[PDB]
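S.K.: After the structure tokens below, expect a handful of questions from me.
There are 2 protein chains.
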Amino acid sequence: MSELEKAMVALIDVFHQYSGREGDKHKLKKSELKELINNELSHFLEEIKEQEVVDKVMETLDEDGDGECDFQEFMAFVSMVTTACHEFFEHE
Amino acid sequence: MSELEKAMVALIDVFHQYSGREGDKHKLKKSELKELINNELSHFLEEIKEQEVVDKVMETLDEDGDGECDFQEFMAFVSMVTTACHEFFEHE
Ligand SMILES: [Ca+2]
Ligand SMILES: [Ca+2]
Ligand SMILES: [Ca+2]
Ligand SMILES: [Ca+2]
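Going down the list, the protein sequences come from chains B and A. Residue 75 in the entry's author numbering sits at position 76 of the first sequence, and the numbers go up by one each step. Residue 5 in the entry's author numbering sits at position 6 of the second sequence, and the numbers go up by one each step.
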């Protein structure tokens, strides 16, 4: 079928199962965010080393500076990866 | 590997190949937008009937009202589907 239908389900599905690991299922905590980047998304970003890097990066995706990242803020991070990544992904 | 890596590649990959159908590879035209919804995304939206519906909907994702939808605007539509869709996708 349409690839977007599978990606839309996978994007939402991963958030529900991944965020459901802790008793917090309706919001994402600061510690969980570090784990998400450490999982295997280091390909887009490889500057993780000191805790200050996560804090500096966390402020960038924070739009209302609420101190926490909800599902709406998580979508903003996805936009950051597409805009930051180059379109030279065409040929290897 | 991480599901997000496959989805990030599929989201960008589909845009390059799908938008490359017409000589316009750097921007999306109004007619192409109707085809995208008509493809098989009618699941999220099933109110397509008169051309006015597309125009009313097109204005909603338009942020700068430039009269055309670029790659940045396309991302906004994805956010609209996630916010509009309910989270009751858990159990069938
Ligand atoms: Ca959580
Ligand atoms: Ca925030
Ligand atoms: Ca195009
Ligand atoms: Ca526009």
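Note that the Cβ used here is the ideal one computed from N, Cα and C, for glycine as well.
What do you get for residue 77/A, buried or exposed, if any count of 16 or more other CB atoms within 10 angstroms of its CB means buried?
M.R.: If you number the second sequence from 1, residue 77/A lands on position 78. Of the other Cβ atoms in all chains shown, 16 or more fall within 10 Å of the Cβ of residue 77/A; this residue is therefore buried.
S.K.: Using a Cβ-Cβ cut-off of 7 Å, state whether residue 37/B counts as contacting chain A.
M.R.: As a working mapping, residue 37/B is identified with position 38 in the first sequence. So no, residue 37/B is outside the interface.
S.K.: Which residues, in chain order, sit with a beta-carbon under 7 Å away from any heavy atom of ligand 2?
M.R.: 61/B, 62/B, 63/B, 64/B, 65/B, 66/B, 67/B, 68/B and 72/B
S.K.: Looking only at its own chain, which residues have a Cβ that is under 6 Å from the Cβ of residue 82/B, when we skip the five neighbours before and after it?
M.R.: By 1-based counting over the first sequence, the position of residue 82/B is 83. So no residue of the chain qualifies.
S.K.: For residue 21/B and residue 35/B, what's the separation of their Cα atoms in angstroms?
M.R.: Translated into the one-based positions of the first sequence, residue 21/B becomes position 22. Translated into the one-based positions of the first sequence, residue 35/B becomes position 36. Going from the Cα of residue 21/B to the Cα of residue 35/B covers about 13 Å.
S.K.: Just to make sure I have the definition right: I need the residues of chain B whose C-beta is within less than 9 Å of the C-beta of residue 85/A. Which are they?
M.R.: For the purposes of this step, residue 85/A is taken as residue 86 along the second sequence, with counting starting at 1. Residues of chain B passing the Cβ test: none, with the nearest at roughly 10 Å.
S.K.: Can you tell me which of 79/A, 88/A, 55/A and 24/A puts its alpha carbon nearest to the alpha carbon of residue 33/A?
M.R.: Numbered from 1 along the second sequence, position 34 holds the residue referred to as residue 33/A. The shortest C-alpha separation from residue 33/A is found at 55/A.
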